[PDB]
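What follows is one structure encoded as structure tokens, with my remarks underneath.
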Amino acid sequence: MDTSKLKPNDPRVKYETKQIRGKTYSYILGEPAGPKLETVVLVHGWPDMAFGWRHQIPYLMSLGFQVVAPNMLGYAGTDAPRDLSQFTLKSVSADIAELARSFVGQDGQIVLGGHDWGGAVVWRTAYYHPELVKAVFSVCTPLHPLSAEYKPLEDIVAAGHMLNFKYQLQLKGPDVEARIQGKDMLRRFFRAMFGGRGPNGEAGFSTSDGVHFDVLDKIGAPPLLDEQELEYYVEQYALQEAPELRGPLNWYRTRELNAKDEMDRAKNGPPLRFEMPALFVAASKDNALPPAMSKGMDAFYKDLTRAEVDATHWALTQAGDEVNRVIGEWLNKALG
Ligand SMILES: O=C(Nc1ccc(OC(F)(F)F)cc1)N1CCC(Cc2cnc3ccccc3c2)CC1
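In this note's numbering, the protein residues as written are 24 to 359.
Here's what the structure looks like:
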């Protein structure tokens with residue numbers, strides 16, 4: 024089988040829509056070679072897309088897995104409700120359960136794979152729905168404990184803490200949504216997000232000030248995306264209603280919301296415990312989420328697998344041939 028990465032609107036996959044929990048959920052369906060072992064749900068992050076697994080989906084299809092990878096809430100052909108409560112990691116965990124059970128049955132079981140914000144989803148979905156996650160893994164994103172207190176992110180960086188998150192302030196703010204609308208800003212925006220730099224090495228994104236709008240006129244075509252996926256990321260992001268990034272940025276506007284759900288579970292609900300197999304693929308140059316943040320991840324697992332790729336936050340495509348190698352071998356022994 025052709026195990027190369029997925030090309031834009033690749034014929035080796037199905038582009039299907041399925042209504043779940045009130046919204047339309049676009050997804051890609053990558054189907055196995057021969058009789059499937061399992062079904063795998065792949066979850067991207069910000070500002071990624073189901074297409075962000077181009078190196079993984081065909082590889083997992085070639086391993087005999089049925090692969091579904093949905094565009095999440097706010098991204099591409101999936102709906103973006105106005106309700107902030109729909110972008111909480113809980114409700115979206117409830118989404119992934121319904122989309123899974125839409126494919127393997129209510130008693131079925133799934134190998135869950137997420138990354139970035141989707142990396143935080145698949146742990147939540149493994150926490151909320153352990154009836155279903157036979158094996159869960161996350162790339163770049165390590166487990167964060169259930170939130171017990173809510174602090175506005177402004178107050179946390181005002182005391183010098185969590186400065187690696189100071190970009191969500193502006194992101195959650197009106198700036199990125201108001202300034203990046205239409206194919207033209209989105210295109211330059213994606214040059215920025217995927218490693219673009221300007222004539223004097225200005226970066227379109229930094230973890231402290233987020234999107235830099237003054238550089239994005241000057242920023243070149245990206246090292247981690249050819250022209251056709253950059254134009255595929257923009258053709259697909261234009262699917263959302265202007266301002267097209269309300270949904271994609273909405274994943275950052277739910278700090279207090281997720282707090283209320285997890286303060287509930289940190290006090291009443293069960294503790295953060297994973298008794299199903301788990302892989303964690305850290306990316307070395309993930310300037311967004313450093314591999315030190317993984318820290319005391321392992322004290323929450325019966326059987327956790329550690330891994331690390333010398334790569335940026337965009338580990339699915341940069342280190343894709345090394346990531347596919349890592350997930351495959353872990354999947355092979357985790358399921359036996
Ligand atoms: O913003 C994120 N990723 C990202 C950042 C910058 C990017 O631009 C580029 F990297 F390309 F330059 C691209 C993606 N997140 C991904 C992981 C989420 C999981 C999470 C949730 N809550 C937490 C609460 C307390 C402690 C840790 C927590 C971690 C956070 C947001």
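The beta carbon of each residue, even a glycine, is placed where N, CA and C say it ideally should be.
| Item | Value |
| --- | --- |
| Same chain, Cβ closer than 7 Å to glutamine 191, five either side skipped, listed in chain order | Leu176 and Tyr275 |
| For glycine 57 and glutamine 109, the rounded distance between their alpha carbons | 37 Å |
| Alpha helix (DSSP H) runs contained entirely in the stretch 262 to 299, provided each spans 4 or more residues | 269 to 273 and 278 to 290 |
| One or two residues paired with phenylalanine 160 in a DSSP bridge | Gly136 and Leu302 |
| Residues that DSSP places opposite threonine 111 in a beta bridge | Paired residues: none, contrary to the question. |
| Segment limits, beta strand (DSSP E) that includes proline 93 | 89 to 93 |
| Contact test: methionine 185 Cβ vs ligand 1 heavy atom, cutoff 8 Å | yes |
| Distance between beta carbons of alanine 305 and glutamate 331, contact taken as under 8 Å | 4 Å |
| Strand pairing of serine 170, partner residues [DSSP] | Answer is none; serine 170 lacks a bridge partner. |
| Among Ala158, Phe188, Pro153 and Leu52, nearest to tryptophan 353 - alpha-carbon criterion | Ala158 |
| Chain-order list of residues whose beta-carbon lies under 6 Å from that of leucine 83 (same chain, five-residue window excluded) | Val63 and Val90 |
| Segment limits, alpha helix (DSSP H) that includes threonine 340 | 338 to 341 |
| Whole beta strand (DSSP E) elements within the stretch 49 to 85, 3-residue minimum | 62 to 66 |
| Per-residue burial, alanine 265 [other beta carbons within 10 Å of its own, 16 or more giving buried] | exposed |
| Nearest to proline 31 (by Cα), restricted to the options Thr40, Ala73, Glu54 and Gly68 | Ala73 |
| Near ligand 1: residue 6 beta-carbon under 8 Å from a heavy atom | The structure shown has nothing for residue 6, since the chain only spans 24 to 359. |
| Inter-residue spacing [alpha-carbon to alpha-carbon] between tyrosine 255 and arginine 211 | 13 Å |
| Exposed unless 16 or more other CB atoms sit within 10 angstroms - verdict on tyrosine 48 | buried |
| Length of the line joining the Cα atoms of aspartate 321 and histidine 235 | 36 Å |
| CB of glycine 141 within 9 Å of CB of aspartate 71, strictly | yes |
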